[PDB]
Amino acid sequence: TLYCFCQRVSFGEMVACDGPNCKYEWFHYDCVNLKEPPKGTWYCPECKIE
Ligand SMILES: [Zn+2]
Ligand SMILES: [Zn+2]
């Protein structure tokens with residue numbers, strides 16, 4: 001998926017977000033500094049400041 005602040009495809013790393021207002025739902029783990037697959041509803045830094 002082509003969604004991120006740096007705008008790049010999620011090649012092998014795709015973490016999905018839960019945000020009612022969120023076009024950037026898809027991300028890659030390395031951008032958002034993660035290696036753990038989320039155990040539940042993952043709010044991206046954008047949703048966390050909304
Ligand atoms: Zn990125
Ligand atoms: Zn979000």
# chains A, B, ... in the order shown; residues from 1 in each chain; ligands from 1
call {"tool": "residues_near_ligand", "arguments": {"ligand": "ligand 2", "cutoff": "9 Å", "atoms": "only C-alpha atoms and all ligand atoms", "output": "ChimeraX atom specification"}}
result
/A:16-26,42-48,50
call {"tool": "residues_near_ligand", "arguments": {"ligand": "ligand 1", "cutoff": "8 Å", "atoms": "only C-alpha atoms and all ligand atoms", "output": "PDB file with N, CA and C atoms, in the first residue's frame"}}
result
ATOM      1  N   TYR A   3       0.810   4.484   1.254  1.00  0.00           N
ATOM      2  CA  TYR A   3       0.366   5.440   2.291  1.00  0.00           C
ATOM      3  C   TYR A   3       1.503   5.610   3.307  1.00  0.00           C
ATOM      4  N   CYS A   4       1.915   6.873   3.535  1.00  0.00           N
ATOM      5  CA  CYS A   4       2.906   7.264   4.563  1.00  0.00           C
ATOM      6  C   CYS A   4       3.248   8.749   4.419  1.00  0.00           C
ATOM      7  N   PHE A   5       3.849   9.354   5.463  1.00  0.00           N
ATOM      8  CA  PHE A   5       4.316  10.757   5.405  1.00  0.00           C
ATOM      9  C   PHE A   5       5.474  10.926   4.392  1.00  0.00           C
ATOM     10  N   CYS A   6       6.341   9.892   4.255  1.00  0.00           N
ATOM     11  CA  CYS A   6       7.446   9.911   3.257  1.00  0.00           C
ATOM     12  C   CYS A   6       6.954   9.455   1.859  1.00  0.00           C
ATOM     13  N   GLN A   7       5.669   9.004   1.793  1.00  0.00           N
ATOM     14  CA  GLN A   7       5.015   8.441   0.585  1.00  0.00           C
ATOM     15  C   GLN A   7       5.874   7.364  -0.113  1.00  0.00           C
ATOM     16  N   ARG A   8       5.737   6.127   0.363  1.00  0.00           N
ATOM     17  CA  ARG A   8       6.428   4.957  -0.193  1.00  0.00           C
ATOM     18  C   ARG A   8       5.598   3.710   0.115  1.00  0.00           C
ATOM     19  N   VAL A   9       5.666   2.719  -0.792  1.00  0.00           N
ATOM     20  CA  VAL A   9       4.952   1.444  -0.642  1.00  0.00           C
ATOM     21  C   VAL A   9       5.443   0.687   0.610  1.00  0.00           C
ATOM     22  N   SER A  10       4.547  -0.091   1.211  1.00  0.00           N
ATOM     23  CA  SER A  10       4.840  -0.880   2.409  1.00  0.00           C
ATOM     24  C   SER A  10       5.428  -2.264   2.008  1.00  0.00           C
ATOM     25  N   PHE A  27       1.137   2.123   7.057  1.00  0.00           N
ATOM     26  CA  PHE A  27       2.524   2.548   7.296  1.00  0.00           C
ATOM     27  C   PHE A  27       3.454   1.332   7.175  1.00  0.00           C
ATOM     28  N   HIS A  28       4.762   1.598   7.250  1.00  0.00           N
ATOM     29  CA  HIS A  28       5.809   0.560   7.393  1.00  0.00           C
ATOM     30  C   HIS A  28       6.461   0.725   8.772  1.00  0.00           C
ATOM     31  N   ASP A  30       9.413   0.331  10.195  1.00  0.00           N
ATOM     32  CA  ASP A  30      10.700   1.039  10.362  1.00  0.00           C
ATOM     33  C   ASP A  30      10.523   2.576  10.442  1.00  0.00           C
ATOM     34  N   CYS A  31       9.536   3.122   9.698  1.00  0.00           N
ATOM     35  CA  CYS A  31       9.245   4.582   9.698  1.00  0.00           C
ATOM     36  C   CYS A  31       8.742   5.025  11.084  1.00  0.00           C
ATOM     37  N   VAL A  32       7.786   4.256  11.624  1.00  0.00           N
ATOM     38  CA  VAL A  32       7.134   4.567  12.909  1.00  0.00           C
ATOM     39  C   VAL A  32       7.912   3.968  14.107  1.00  0.00           C
TER      40      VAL A  32
END
call {"tool": "select_by_dssp", "arguments": {"residues": "chain A", "states": "helix (DSSP H, G or I)", "output": "list in words"}}
result
residues 45, 46, 47, 48 and 49 of chain A
call {"tool": "residues_around", "arguments": {"residues": "residue 37 (chain A)", "least_positions_apart": "2", "cutoff": "10 Å", "atoms": "only C-alpha atoms", "output": "compact mmCIF listing (two decimals) with N, CA and C atoms, in the first residue's frame"}}
result
# COMPACT_ATOMS: atom_id res chain seq x y z
N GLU A 13 6.82 -4.63 5.04
CA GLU A 13 6.47 -4.03 6.34
C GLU A 13 5.19 -3.23 6.17
N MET A 14 4.05 -3.74 6.67
CA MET A 14 2.76 -3.02 6.59
C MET A 14 1.99 -3.10 7.92
N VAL A 15 2.04 -2.01 8.69
CA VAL A 15 1.25 -1.83 9.91
C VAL A 15 0.04 -0.93 9.59
N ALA A 16 -1.17 -1.44 9.86
CA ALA A 16 -2.42 -0.71 9.62
C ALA A 16 -2.84 0.05 10.88
N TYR A 29 6.76 -0.43 9.40
CA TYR A 29 7.20 -0.53 10.81
C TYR A 29 8.44 0.35 11.11
N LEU A 34 9.03 0.53 14.90
CA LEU A 34 8.41 -0.68 15.45
C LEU A 34 9.09 -1.91 14.85
N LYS A 35 9.07 -3.01 15.60
CA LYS A 35 9.40 -4.35 15.10
C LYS A 35 8.34 -5.36 15.59
N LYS A 39 -0.82 -6.02 18.76
CA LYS A 39 -1.76 -7.01 19.35
C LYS A 39 -3.22 -6.49 19.34
N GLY A 40 -3.42 -5.25 18.87
CA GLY A 40 -4.75 -4.64 18.83
C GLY A 40 -4.77 -3.35 18.02
N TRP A 42 -4.06 -0.15 16.56
CA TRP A 42 -2.83 0.66 16.48
C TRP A 42 -3.19 2.07 16.00
call {"tool": "decode", "arguments": {"residues": "region 26-49 of chain A", "atoms": "C-alpha atoms", "output": "mmCIF file, in the first residue's frame"}}
result
data_model
loop_
_atom_site.group_PDB
_atom_site.id
_atom_site.type_symbol
_atom_site.label_atom_id
_atom_site.label_comp_id
_atom_site.auth_asym_id
_atom_site.auth_seq_id
_atom_site.Cartn_x
_atom_site.Cartn_y
_atom_site.Cartn_z
ATOM 1 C CA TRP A 26 -1.149 2.140 6.257
ATOM 2 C CA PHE A 27 2.524 2.548 7.296
ATOM 3 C CA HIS A 28 5.809 0.560 7.393
ATOM 4 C CA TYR A 29 7.204 -0.529 10.812
ATOM 5 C CA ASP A 30 10.700 1.039 10.362
ATOM 6 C CA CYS A 31 9.245 4.582 9.698
ATOM 7 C CA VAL A 32 7.134 4.567 12.909
ATOM 8 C CA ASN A 33 10.001 2.760 14.822
ATOM 9 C CA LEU A 34 8.410 -0.683 15.451
ATOM 10 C CA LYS A 35 9.397 -4.352 15.102
ATOM 11 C CA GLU A 36 6.504 -5.825 17.227
ATOM 12 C CA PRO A 37 3.310 -6.661 15.145
ATOM 13 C CA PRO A 38 0.410 -4.775 17.045
ATOM 14 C CA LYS A 39 -1.757 -7.006 19.347
ATOM 15 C CA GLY A 40 -4.750 -4.640 18.831
ATOM 16 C CA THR A 41 -6.000 -1.230 17.593
ATOM 17 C CA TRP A 42 -2.834 0.655 16.478
ATOM 18 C CA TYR A 43 -3.191 4.470 16.537
ATOM 19 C CA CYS A 44 -0.620 6.234 14.295
ATOM 20 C CA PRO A 45 1.140 9.420 15.825
ATOM 21 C CA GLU A 46 -1.321 11.515 13.691
ATOM 22 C CA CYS A 47 -4.450 9.961 15.375
ATOM 23 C CA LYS A 48 -2.660 10.238 18.779
ATOM 24 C CA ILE A 49 -2.452 14.090 18.302
#
